Amino acid sequence: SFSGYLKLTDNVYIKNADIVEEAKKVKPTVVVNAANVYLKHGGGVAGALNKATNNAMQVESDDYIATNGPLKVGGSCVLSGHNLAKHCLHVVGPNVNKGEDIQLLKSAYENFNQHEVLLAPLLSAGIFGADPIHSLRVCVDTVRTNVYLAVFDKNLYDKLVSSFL
Ligand SMILES: Cc1nc(C#N)c(N)o1
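In structure tokens, the structure reads:
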């Protein structure tokens with residue numbers, strides 16, 4: 005199962021890891037993708053997860069969008085986890101660089117409560133432009149299920165752990 009995680013709360017764990025390598029190792033039931041409403045997995049966590057699936061995640065996602073239309077900011081959909089997980093929960097956190105409402109971050113984390121255990125990144129962090137310290141706070145105050153957070157950046161991981169209240 006999940007190894008080397010630091011326990012933050014009753015249900016939130018954190019590790020300095022590449023979520024792709026973590027998913028390939030653990031093969032979790034659910035890996036969370038830091039998705040956008042169009043499921044265009046170009047960069048950040050989404051680009052990395054999609055590249056690990058040899059673009060199969062993008063092909064599946066394009067068919068999903070053709071059928072259903074775009075997701076809402078704060079929403080999610082469950083698709084295949086391909087070679088990374090049983091399922092991928094594509095969750096859209098607000099993108100601060102596109103001027104989206106940061107208050108939607110709690111709605112985005114609420115999607116995690118539909119899954120007993122997840123491997124996930126910090127929503128709206130990285131190229132989505134939100135403060136990762138704030139994202140971790142919203143995560144711990146919103147998610148009640150077991151969430152294993154993978155933080156790619158070592159310096160950010162250290163800052164997150166050392167400043168955790
Ligand atoms: C290549 C890569 N970039 C990230 C991020 N963020 C990741 N998980 O893997």
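Every letter in the sequence shown is one number past the one before it in the deposited numbering, and letter 11, counting from 1, is 15. Think of the CB as a built atom: it goes at the ideal place given N, C-alpha and C, for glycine as much as any other residue.
Taken in chain order, the whole beta strand (DSSP E) runs of length 3 or more contained in the region 82–153 are 91–95, 121–124. In this structure, residue 13 and residue 121 do not form a Cβ contact; the two beta carbons are roughly 15 Å apart against a cut-off of 8 Å. Bridge partners of residue 15 according to DSSP: none are assigned.
Closer than 6 Å to some heavy atom of ligand 1: that does not describe the Cβ of residue 145. According to DSSP, residue pairing for residue 34 in a beta bridge involves 91. A straight line joining the alpha-carbon of residue 96 with that of residue 75 spans about 8 Å. Distance from the Cα of residue 19 is smallest, within the candidate group 6, 28, 147, for 6. According to the DSSP assignment, residue 52 belongs to the alpha helix (DSSP H) that extends over 48–56. Residue burial is scored here from C-beta neighbours: residue 93 has at least 16 other C-beta atoms within 10 angstroms and is therefore classed as buried.
The chain-ordered list of residues whose CB is nearer than 6 Å to some heavy atom of ligand 1 reads 22, 23, 24, 48, 49, 52, 130, 156. The distance from the Cβ of residue 164 to that of residue 155 is about 6 Å, consistent with a contact at the 8 Å cut-off. Of the residues 30, 63, 144, 85, the one whose Cα lies closest to the Cα of residue 17 is 144. Checking the DSSP bridge columns, you'll see residue 20 partnered with 155. Beyond the five residues adjoining it in sequence on each side, residue 100 comes within less than 8 Å, by CB distance, of 106, 128, 132, 133, 134 in the same chain, given in chain order.
The residue among 126, 149, 138 with its C-alpha nearest the C-alpha of residue 21 is 126.
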